[PDB]
>>> print(open('protein13.cif').read())   # mmCIF, C-alpha atoms
data_protein
#
loop_
_atom_site.group_PDB
_atom_site.id
_atom_site.type_symbol
_atom_site.label_atom_id
_atom_site.label_comp_id
_atom_site.auth_asym_id
_atom_site.auth_seq_id
_atom_site.Cartn_x
_atom_site.Cartn_y
_atom_site.Cartn_z
ATOM 1 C CA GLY A 6 -24.916 26.940 -5.296
ATOM 2 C CA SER A 7 -28.682 27.588 -5.342
ATOM 3 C CA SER A 8 -29.201 31.115 -6.730
ATOM 4 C CA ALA A 9 -30.783 29.958 -10.013
ATOM 5 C CA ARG A 10 -33.667 27.563 -10.762
ATOM 6 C CA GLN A 11 -32.362 24.839 -13.108
ATOM 7 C CA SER A 12 -30.082 22.763 -10.848
ATOM 8 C CA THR A 13 -28.792 19.166 -10.675
ATOM 9 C CA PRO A 14 -29.872 16.287 -8.435
ATOM 10 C CA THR A 15 -26.697 14.911 -6.806
ATOM 11 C CA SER A 16 -27.963 12.176 -4.453
ATOM 12 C CA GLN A 17 -26.879 8.516 -4.679
ATOM 13 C CA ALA A 18 -27.344 6.661 -1.365
ATOM 14 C CA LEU A 19 -24.995 3.699 -1.941
ATOM 15 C CA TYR A 20 -21.297 2.761 -2.209
ATOM 16 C CA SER A 21 -19.358 3.947 -5.286
ATOM 17 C CA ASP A 22 -19.762 3.471 -9.058
ATOM 18 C CA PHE A 23 -18.444 6.305 -11.259
ATOM 19 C CA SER A 24 -16.848 5.147 -14.523
ATOM 20 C CA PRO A 25 -15.247 1.702 -14.475
ATOM 21 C CA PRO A 26 -12.730 0.499 -17.057
ATOM 22 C CA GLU A 27 -13.914 -1.356 -20.172
ATOM 23 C CA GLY A 28 -11.541 -0.875 -23.124
ATOM 24 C CA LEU A 29 -8.140 0.232 -21.784
ATOM 25 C CA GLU A 30 -6.888 -3.268 -20.900
ATOM 26 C CA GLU A 31 -7.299 -3.881 -24.637
ATOM 27 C CA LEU A 32 -4.545 -1.275 -25.006
ATOM 28 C CA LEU A 33 -2.363 -3.009 -22.411
ATOM 29 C CA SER A 34 -3.184 -6.508 -23.656
ATOM 30 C CA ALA A 35 -0.982 -5.577 -26.626
ATOM 31 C CA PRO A 36 2.810 -5.252 -26.418
ATOM 32 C CA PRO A 37 3.300 -2.988 -23.412
ATOM 33 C CA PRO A 38 6.587 -1.104 -23.684
ATOM 34 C CA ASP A 39 8.372 -0.032 -20.451
ATOM 35 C CA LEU A 40 4.903 0.062 -18.901
ATOM 36 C CA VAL A 41 4.009 -3.535 -18.112
ATOM 37 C CA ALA A 42 7.619 -4.453 -17.315
ATOM 38 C CA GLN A 43 8.822 -1.054 -16.064
ATOM 39 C CA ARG A 44 5.760 -0.816 -13.796
ATOM 40 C CA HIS A 45 6.061 -4.289 -12.273
ATOM 41 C CA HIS A 46 9.750 -3.415 -11.874
ATOM 42 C CA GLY A 47 9.130 0.059 -10.489
ATOM 43 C CA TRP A 48 6.893 0.108 -7.421
ATOM 44 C CA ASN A 49 4.574 -2.841 -8.123
ATOM 45 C CA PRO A 50 3.310 -4.772 -5.114
ATOM 46 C CA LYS A 51 0.600 -6.863 -6.864
ATOM 47 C CA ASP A 52 -3.112 -5.905 -7.090
ATOM 48 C CA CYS A 53 -1.727 -2.405 -7.484
ATOM 49 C CA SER A 54 -1.704 0.012 -10.432
ATOM 50 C CA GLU A 55 -0.932 -2.354 -13.326
ATOM 51 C CA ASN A 56 -2.704 -0.406 -16.102
ATOM 52 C CA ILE A 57 -0.270 2.500 -15.617
ATOM 53 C CA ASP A 58 3.493 2.739 -16.197
ATOM 54 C CA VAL A 59 5.855 3.567 -13.327
ATOM 55 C CA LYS A 60 9.664 3.616 -13.561
ATOM 56 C CA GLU A 61 12.523 4.597 -11.220
ATOM 57 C CA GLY A 62 15.054 7.111 -12.606
ATOM 58 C CA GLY A 63 13.034 9.509 -10.428
ATOM 59 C CA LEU A 64 10.068 7.721 -8.772
ATOM 60 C CA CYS A 65 7.600 8.620 -11.532
ATOM 61 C CA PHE A 66 4.113 7.067 -11.774
ATOM 62 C CA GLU A 67 2.664 7.118 -15.315
ATOM 63 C CA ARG A 68 -0.977 6.487 -16.306
ATOM 64 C CA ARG A 69 -2.976 6.989 -19.531
ATOM 65 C CA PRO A 70 -6.526 7.991 -18.544
ATOM 66 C CA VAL A 71 -6.975 9.233 -14.928
ATOM 67 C CA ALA A 72 -6.690 7.883 -11.360
ATOM 68 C CA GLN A 73 -10.310 6.803 -12.002
ATOM 69 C CA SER A 74 -8.732 3.402 -12.759
ATOM 70 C CA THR A 75 -5.064 3.833 -13.745
ATOM 71 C CA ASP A 76 -3.908 5.754 -10.645
ATOM 72 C CA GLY A 77 -5.269 5.165 -7.129
ATOM 73 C CA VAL A 78 -4.836 1.424 -6.625
ATOM 74 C CA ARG A 79 -3.179 -1.016 -4.213
ATOM 75 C CA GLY A 80 -1.584 -4.492 -4.402
ATOM 76 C CA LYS A 81 -2.959 -7.001 -1.855
ATOM 77 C CA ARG A 82 -2.145 -10.733 -1.510
ATOM 78 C CA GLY A 83 1.218 -11.032 -3.280
ATOM 79 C CA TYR A 84 2.383 -14.368 -1.825
ATOM 80 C CA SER A 85 6.108 -15.219 -1.966
ATOM 81 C CA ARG A 86 8.450 -17.761 -0.339
ATOM 82 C CA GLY A 87 11.782 -17.192 1.415
ATOM 83 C CA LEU A 88 12.650 -14.397 3.869
ATOM 84 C CA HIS A 89 12.781 -10.951 2.218
ATOM 85 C CA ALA A 90 12.019 -7.281 2.939
ATOM 86 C CA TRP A 91 11.051 -4.152 0.980
ATOM 87 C CA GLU A 92 11.052 -0.377 1.468
ATOM 88 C CA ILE A 93 8.435 2.310 0.737
ATOM 89 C CA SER A 94 8.352 6.117 1.111
ATOM 90 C CA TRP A 95 5.719 8.818 0.480
ATOM 91 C CA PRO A 96 7.032 12.208 -0.651
ATOM 92 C CA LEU A 97 4.528 14.789 0.656
ATOM 93 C CA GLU A 98 6.684 17.810 -0.283
ATOM 94 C CA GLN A 99 4.297 18.137 -3.258
ATOM 95 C CA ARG A 100 1.305 19.732 -1.499
ATOM 96 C CA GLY A 101 -1.447 17.336 -0.368
ATOM 97 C CA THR A 102 -1.594 13.530 -0.605
ATOM 98 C CA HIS A 103 -1.890 10.418 1.603
ATOM 99 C CA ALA A 104 0.202 7.221 1.887
ATOM 100 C CA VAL A 105 -2.017 4.149 2.208
ATOM 101 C CA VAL A 106 -0.694 0.660 3.031
ATOM 102 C CA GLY A 107 -1.403 -2.222 5.438
ATOM 103 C CA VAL A 108 -1.523 -6.017 5.865
ATOM 104 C CA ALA A 109 -4.735 -8.095 5.719
ATOM 105 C CA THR A 110 -5.386 -11.417 7.500
ATOM 106 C CA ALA A 111 -7.943 -14.002 6.355
ATOM 107 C CA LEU A 112 -7.421 -16.306 9.347
ATOM 108 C CA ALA A 113 -7.908 -13.342 11.713
ATOM 109 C CA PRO A 114 -9.990 -14.960 14.457
ATOM 110 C CA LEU A 115 -12.377 -13.028 16.737
ATOM 111 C CA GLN A 116 -12.486 -14.262 20.355
ATOM 112 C CA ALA A 117 -10.963 -11.678 22.718
ATOM 113 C CA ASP A 118 -10.192 -8.821 20.294
ATOM 114 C CA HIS A 119 -7.585 -6.447 21.776
ATOM 115 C CA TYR A 120 -10.529 -4.152 22.604
ATOM 116 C CA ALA A 121 -12.544 -6.767 24.534
ATOM 117 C CA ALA A 122 -15.212 -8.688 22.580
ATOM 118 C CA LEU A 123 -17.295 -7.161 19.760
ATOM 119 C CA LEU A 124 -17.862 -9.824 17.075
ATOM 120 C CA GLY A 125 -16.436 -11.153 13.786
ATOM 121 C CA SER A 126 -17.121 -10.990 10.031
ATOM 122 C CA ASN A 127 -15.114 -12.786 7.359
ATOM 123 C CA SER A 128 -11.548 -11.490 7.840
ATOM 124 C CA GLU A 129 -9.458 -8.701 9.411
ATOM 125 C CA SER A 130 -7.304 -5.971 7.819
ATOM 126 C CA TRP A 131 -4.805 -3.974 9.914
ATOM 127 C CA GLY A 132 -1.990 -1.726 8.635
ATOM 128 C CA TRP A 133 -1.014 1.962 8.392
ATOM 129 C CA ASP A 134 -3.607 4.426 7.069
ATOM 130 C CA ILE A 135 -3.273 8.232 6.884
ATOM 131 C CA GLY A 136 -6.907 8.480 8.048
ATOM 132 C CA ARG A 137 -5.417 8.981 11.526
ATOM 133 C CA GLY A 138 -4.120 12.371 10.385
ATOM 134 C CA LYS A 139 -7.140 13.576 8.382
ATOM 135 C CA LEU A 140 -9.260 16.436 9.776
ATOM 136 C CA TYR A 141 -11.164 13.956 11.979
ATOM 137 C CA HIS A 142 -8.416 14.209 14.628
ATOM 138 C CA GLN A 143 -6.989 17.672 15.388
ATOM 139 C CA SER A 144 -8.745 19.795 18.041
ATOM 140 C CA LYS A 145 -8.458 16.779 20.374
ATOM 141 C CA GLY A 146 -4.750 15.852 20.233
ATOM 142 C CA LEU A 147 -2.416 15.245 23.200
ATOM 143 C CA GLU A 148 0.553 16.029 20.927
ATOM 144 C CA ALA A 149 2.962 18.847 21.860
ATOM 145 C CA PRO A 150 0.619 21.821 22.217
ATOM 146 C CA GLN A 151 3.670 24.115 22.046
ATOM 147 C CA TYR A 152 5.239 23.250 18.668
ATOM 148 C CA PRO A 153 4.198 21.062 15.738
ATOM 149 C CA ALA A 154 5.458 17.534 16.505
ATOM 150 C CA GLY A 155 4.297 14.008 17.397
ATOM 151 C CA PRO A 156 6.269 10.772 17.695
ATOM 152 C CA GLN A 157 3.197 8.515 17.934
ATOM 153 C CA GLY A 158 2.065 10.140 14.664
ATOM 154 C CA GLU A 159 4.249 7.679 12.717
ATOM 155 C CA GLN A 160 2.202 4.798 14.166
ATOM 156 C CA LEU A 161 0.160 4.973 10.955
ATOM 157 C CA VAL A 162 1.553 7.970 9.064
ATOM 158 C CA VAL A 163 5.268 8.120 8.181
ATOM 159 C CA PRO A 164 5.638 10.833 5.540
ATOM 160 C CA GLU A 165 9.304 10.073 4.779
ATOM 161 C CA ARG A 166 10.626 6.502 4.538
ATOM 162 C CA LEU A 167 9.665 3.024 5.823
ATOM 163 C CA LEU A 168 11.282 -0.450 5.786
ATOM 164 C CA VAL A 169 8.875 -3.417 5.719
ATOM 165 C CA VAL A 170 10.201 -6.877 6.645
ATOM 166 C CA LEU A 171 8.300 -9.884 5.239
ATOM 167 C CA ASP A 172 9.496 -13.483 5.605
ATOM 168 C CA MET A 173 7.588 -16.566 4.454
ATOM 169 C CA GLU A 174 9.965 -19.246 5.767
ATOM 170 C CA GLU A 175 8.345 -18.209 9.061
ATOM 171 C CA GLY A 176 5.187 -16.592 7.694
ATOM 172 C CA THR A 177 5.808 -13.445 9.765
ATOM 173 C CA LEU A 178 5.954 -9.893 8.358
ATOM 174 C CA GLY A 179 5.652 -6.398 9.879
ATOM 175 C CA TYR A 180 6.081 -2.692 9.052
ATOM 176 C CA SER A 181 8.905 -0.705 10.677
ATOM 177 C CA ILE A 182 11.307 2.130 9.821
ATOM 178 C CA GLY A 183 14.949 1.038 9.473
ATOM 179 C CA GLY A 184 13.851 -2.082 11.392
ATOM 180 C CA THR A 185 12.712 -0.238 14.544
ATOM 181 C CA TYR A 186 9.219 -1.513 15.461
ATOM 182 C CA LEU A 187 9.575 -5.213 14.593
ATOM 183 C CA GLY A 188 11.515 -6.909 17.414
ATOM 184 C CA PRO A 189 9.187 -7.892 20.265
ATOM 185 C CA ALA A 190 6.132 -8.013 17.970
ATOM 186 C CA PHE A 191 7.681 -11.098 16.326
ATOM 187 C CA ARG A 192 6.380 -13.400 19.085
ATOM 188 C CA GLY A 193 2.715 -12.615 18.338
ATOM 189 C CA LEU A 194 3.042 -11.915 14.622
ATOM 190 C CA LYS A 195 3.748 -15.633 14.161
ATOM 191 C CA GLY A 196 -0.027 -15.974 14.593
ATOM 192 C CA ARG A 197 -1.035 -12.378 13.796
ATOM 193 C CA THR A 198 0.819 -12.449 10.465
ATOM 194 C CA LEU A 199 -1.227 -11.037 7.563
ATOM 195 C CA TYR A 200 -0.776 -10.443 3.812
ATOM 196 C CA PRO A 201 1.143 -7.252 3.049
ATOM 197 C CA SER A 202 -0.686 -4.766 0.797
ATOM 198 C CA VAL A 203 0.209 -1.229 -0.362
ATOM 199 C CA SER A 204 -1.947 1.569 -1.771
ATOM 200 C CA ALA A 205 -0.568 4.384 -3.952
ATOM 201 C CA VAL A 206 -2.531 7.572 -4.729
ATOM 202 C CA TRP A 207 -2.273 9.881 -7.766
ATOM 203 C CA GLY A 208 1.198 10.339 -9.304
ATOM 204 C CA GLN A 209 1.484 13.633 -7.413
ATOM 205 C CA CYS A 210 2.529 11.870 -4.190
ATOM 206 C CA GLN A 211 4.552 9.210 -6.078
ATOM 207 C CA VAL A 212 5.685 6.969 -3.209
ATOM 208 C CA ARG A 213 9.196 5.452 -3.338
ATOM 209 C CA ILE A 214 9.838 1.693 -3.128
ATOM 210 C CA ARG A 215 13.029 -0.281 -2.399
ATOM 211 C CA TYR A 216 12.741 -4.071 -2.388
ATOM 212 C CA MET A 217 15.503 -6.605 -1.689
ATOM 213 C CA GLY A 218 15.148 -10.413 -1.745
ATOM 214 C CA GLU A 219 12.563 -10.734 -4.546
ATOM 215 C CA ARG A 220 13.476 -11.726 -8.125
ATOM 216 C CA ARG A 221 11.673 -13.031 -11.237
ATOM 217 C CA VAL A 222 11.917 -16.761 -12.054
ATOM 218 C CA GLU A 223 12.641 -17.371 -15.757
ATOM 219 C CA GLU A 224 15.741 -19.512 -16.360
ATOM 220 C CA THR A 225 18.754 -17.963 -14.580
ATOM 221 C CA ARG A 226 20.569 -20.619 -12.513
ATOM 222 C CA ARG A 227 19.103 -20.219 -9.004
ATOM 223 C CA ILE A 228 19.777 -22.162 -5.779
ATOM 224 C CA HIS A 229 18.756 -25.845 -5.925
ATOM 225 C CA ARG A 230 19.413 -27.663 -2.628
ATOM 226 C CA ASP A 231 17.032 -26.337 0.073
#
>>> encode(input="protein13.cif", output="structure tokens")
Amino acid sequence: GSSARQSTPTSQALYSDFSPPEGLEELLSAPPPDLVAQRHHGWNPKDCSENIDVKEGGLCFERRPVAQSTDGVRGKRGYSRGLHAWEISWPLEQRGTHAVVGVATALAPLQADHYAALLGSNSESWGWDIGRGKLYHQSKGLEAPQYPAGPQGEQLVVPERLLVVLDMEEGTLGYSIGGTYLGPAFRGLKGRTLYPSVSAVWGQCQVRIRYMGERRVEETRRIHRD
């Protein structure tokens, strides 16, 4: 507040730069027990929380320090071959959280954007963000004014379960629930395809993940005859 004299200057016009990591990896660099393997086996997309340990047996995210670097992270590229699909879910029963995922495209052009014609930068990222449910969109909502409900609310906020289909043999991937929204959008995705990325918040919202089709090369006899 401002009732006393001695105060604290809290003004930093810029992006973000609190306390970055610089010594923890040295703890992971060593033999990581059910933390480096159990995490990449739990819900690990790729550029996602690697410094923390997450294991199934009850979707449980585990980190040493704090979300500052261990929790609050998202996998991005993650390139794989063959047609496969995965599943993800965000349990909100806790109290307050936010599922964050989406696909990014580097080839994303910029001629007649769906809107009309604004411009272009270096790439394009489109996916499902819970920012469409924040407090920046409430008073003005055409949703059912009678009871709490909204079908179009899952267009970028599905607090329950979601099935993502990603195939490389074609290079087309999309995000749908149970395979609902991913039929007709397969004719434009062939060129709109982007890299699938997922963002997980603190371990309080621990999101669930079910993947089928991916493995882990090593030596097991796999298929050899394209």
>>> resolve_selection(input="protein13.cif", expression="the PyMOL selection byres ((chain A and resi 181-191) around 8)", output="list in words")
residues 166, 167, 168, 169, 170, 177, 179, 180, 192, 193, 194 and 195 of chain A
>>> atom_distance(input="protein13.cif", atom1="atom CA of residue A:208", atom2="atom CA of residue A:36")
23.2 Å
>>> residues_near_point(input="protein13.cif", point="(7.6, 0.6, -17.6)", cutoff="6 Å", atoms="only C-alpha atoms", output="mmCIF file with C-alpha atoms, in the coordinates of the input")
data_model
loop_
_atom_site.group_PDB
_atom_site.id
_atom_site.type_symbol
_atom_site.label_atom_id
_atom_site.label_comp_id
_atom_site.auth_asym_id
_atom_site.auth_seq_id
_atom_site.Cartn_x
_atom_site.Cartn_y
_atom_site.Cartn_z
ATOM 1 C CA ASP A 39 8.372 -0.032 -20.451
ATOM 2 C CA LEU A 40 4.903 0.062 -18.901
ATOM 3 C CA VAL A 41 4.009 -3.535 -18.112
ATOM 4 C CA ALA A 42 7.619 -4.453 -17.315
ATOM 5 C CA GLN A 43 8.822 -1.054 -16.064
ATOM 6 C CA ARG A 44 5.760 -0.816 -13.796
ATOM 7 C CA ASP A 58 3.493 2.739 -16.197
ATOM 8 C CA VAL A 59 5.855 3.567 -13.327
ATOM 9 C CA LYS A 60 9.664 3.616 -13.561
#
>>> resolve_selection(input="protein13.cif", expression="the PyMOL selection byres ((chain A and resi 174) around 10)", output="ChimeraX atom specification")
/A:85-89,171-173,175-177
>>> closest_atom_pairs(input="protein13.cif", of="stretch 38-89 of chain A", to="stretch 18-28 of chain A", cutoff="12 Å", atoms="all atoms listed in the file", output="Markdown table")
| residue | atom | partner | partner_atom | distance |
| --- | --- | --- | --- | --- |
| A:56 | CA | A:26 | CA | 10.1 |
| A:69 | CA | A:26 | CA | 12.0 |
| A:70 | CA | A:26 | CA | 9.8 |
| A:71 | CA | A:26 | CA | 10.7 |
| A:72 | CA | A:24 | CA | 11.0 |
| A:73 | CA | A:24 | CA | 7.2 |
| A:74 | CA | A:26 | CA | 6.5 |
| A:75 | CA | A:26 | CA | 9.0 |
>>> resolve_selection(input="protein13.cif", expression="the PyMOL selection byres ((chain A and resi 106) around 7)", output="PyMOL selection string")
chain A and resi 104-105+107+132-134+202-204
>>> closest_residue(input="protein13.cif", among="A:97, A:161, A:222, A:112", to="residue A:209", atoms="only C-alpha atoms")
A:97
>>> atom_distance(input="protein13.cif", atom1="atom CA of residue A:96", atom2="atom CA of residue A:154")
18.0 Å
>>> atom_distance(input="protein13.cif", atom1="atom CA of residue A:109", atom2="atom CA of residue A:201")
6.5 Å
>>> build_atoms(input="protein13.cif", residues="stretch 11-36 of chain A", atoms="N, CA, C and O atoms", output="short mmCIF file (atom, residue, chain, number, x, y, z; two decimals), keeping the file's coordinate frame")
data_model
loop_
_atom_site.label_atom_id
_atom_site.label_comp_id
_atom_site.auth_asym_id
_atom_site.auth_seq_id
_atom_site.Cartn_x
_atom_site.Cartn_y
_atom_site.Cartn_z
N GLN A 11 -32.91 26.11 -12.55
CA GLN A 11 -32.36 24.84 -13.11
C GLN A 11 -31.14 24.39 -12.30
O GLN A 11 -30.13 25.06 -12.25
N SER A 12 -31.23 23.26 -11.66
CA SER A 12 -30.08 22.76 -10.85
C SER A 12 -29.73 21.33 -11.25
O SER A 12 -29.98 20.90 -12.36
N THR A 13 -29.16 20.57 -10.35
CA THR A 13 -28.79 19.17 -10.68
C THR A 13 -28.91 18.29 -9.43
O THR A 13 -28.34 18.58 -8.40
N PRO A 14 -29.67 17.23 -9.56
CA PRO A 14 -29.87 16.29 -8.44
C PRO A 14 -28.61 15.46 -8.19
O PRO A 14 -28.24 14.62 -8.99
N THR A 15 -27.94 15.69 -7.10
CA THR A 15 -26.70 14.91 -6.81
C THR A 15 -26.89 14.05 -5.56
O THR A 15 -26.29 14.29 -4.53
N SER A 16 -27.73 13.05 -5.64
CA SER A 16 -27.96 12.18 -4.45
C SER A 16 -27.91 10.70 -4.86
O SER A 16 -28.69 10.24 -5.67
N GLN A 17 -26.98 9.96 -4.32
CA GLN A 17 -26.88 8.52 -4.68
C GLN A 17 -26.58 7.68 -3.43
O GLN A 17 -25.47 7.23 -3.22
N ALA A 18 -27.57 7.47 -2.60
CA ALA A 18 -27.34 6.66 -1.36
C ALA A 18 -26.83 5.27 -1.73
O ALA A 18 -27.59 4.40 -2.13
N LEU A 19 -25.55 5.04 -1.60
CA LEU A 19 -25.00 3.70 -1.94
C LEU A 19 -23.48 3.68 -1.71
O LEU A 19 -22.96 4.44 -0.92
N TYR A 20 -22.78 2.82 -2.39
CA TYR A 20 -21.30 2.76 -2.21
C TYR A 20 -20.60 3.67 -3.22
O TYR A 20 -20.56 4.88 -3.06
N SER A 21 -20.05 3.11 -4.26
CA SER A 21 -19.36 3.95 -5.29
C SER A 21 -19.45 3.29 -6.66
O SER A 21 -19.34 2.08 -6.79
N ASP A 22 -19.66 4.06 -7.69
CA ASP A 22 -19.76 3.47 -9.06
C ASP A 22 -19.70 4.57 -10.12
O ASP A 22 -20.65 4.83 -10.82
N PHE A 23 -18.57 5.22 -10.24
CA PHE A 23 -18.44 6.30 -11.26
C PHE A 23 -18.28 5.70 -12.65
O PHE A 23 -19.22 5.21 -13.25
N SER A 24 -17.09 5.73 -13.17
CA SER A 24 -16.85 5.15 -14.52
C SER A 24 -15.76 4.07 -14.45
O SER A 24 -14.59 4.38 -14.34
N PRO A 25 -16.19 2.84 -14.53
CA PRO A 25 -15.25 1.70 -14.48
C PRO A 25 -14.56 1.52 -15.83
O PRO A 25 -15.00 2.05 -16.83
N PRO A 26 -13.49 0.76 -15.81
CA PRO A 26 -12.73 0.50 -17.06
C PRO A 26 -13.50 -0.46 -17.96
O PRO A 26 -14.36 -1.20 -17.52
N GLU A 27 -13.20 -0.45 -19.23
CA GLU A 27 -13.91 -1.36 -20.17
C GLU A 27 -13.39 -1.15 -21.60
O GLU A 27 -14.15 -1.06 -22.54
N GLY A 28 -12.10 -1.07 -21.76
CA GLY A 28 -11.54 -0.88 -23.12
C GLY A 28 -10.05 -0.55 -23.04
O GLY A 28 -9.32 -0.70 -24.00
N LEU A 29 -9.58 -0.10 -21.91
CA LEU A 29 -8.14 0.23 -21.78
C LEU A 29 -7.31 -1.05 -21.76
O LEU A 29 -6.34 -1.18 -22.49
N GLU A 30 -7.67 -2.00 -20.95
CA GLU A 30 -6.89 -3.27 -20.90
C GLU A 30 -6.60 -3.72 -22.33
O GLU A 30 -5.55 -4.27 -22.62
N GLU A 31 -7.52 -3.49 -23.22
CA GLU A 31 -7.30 -3.88 -24.64
C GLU A 31 -6.07 -3.15 -25.16
O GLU A 31 -5.41 -3.59 -26.09
N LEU A 32 -5.74 -2.03 -24.57
CA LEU A 32 -4.54 -1.27 -25.01
C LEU A 32 -3.32 -1.88 -24.33
O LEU A 32 -2.23 -1.91 -24.88
N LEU A 33 -3.49 -2.38 -23.14
CA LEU A 33 -2.36 -3.01 -22.41
C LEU A 33 -2.18 -4.44 -22.91
O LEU A 33 -1.07 -4.93 -23.05
N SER A 34 -3.26 -5.10 -23.17
CA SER A 34 -3.18 -6.51 -23.66
C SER A 34 -2.15 -6.61 -24.77
O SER A 34 -1.51 -7.63 -24.95
N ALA A 35 -1.98 -5.56 -25.52
CA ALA A 35 -0.98 -5.58 -26.63
C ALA A 35 0.43 -5.53 -26.04
O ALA A 35 0.60 -5.66 -24.84
N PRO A 36 1.40 -5.33 -26.89
CA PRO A 36 2.81 -5.25 -26.42
C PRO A 36 3.02 -3.97 -25.61
O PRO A 36 3.06 -2.89 -26.17
#
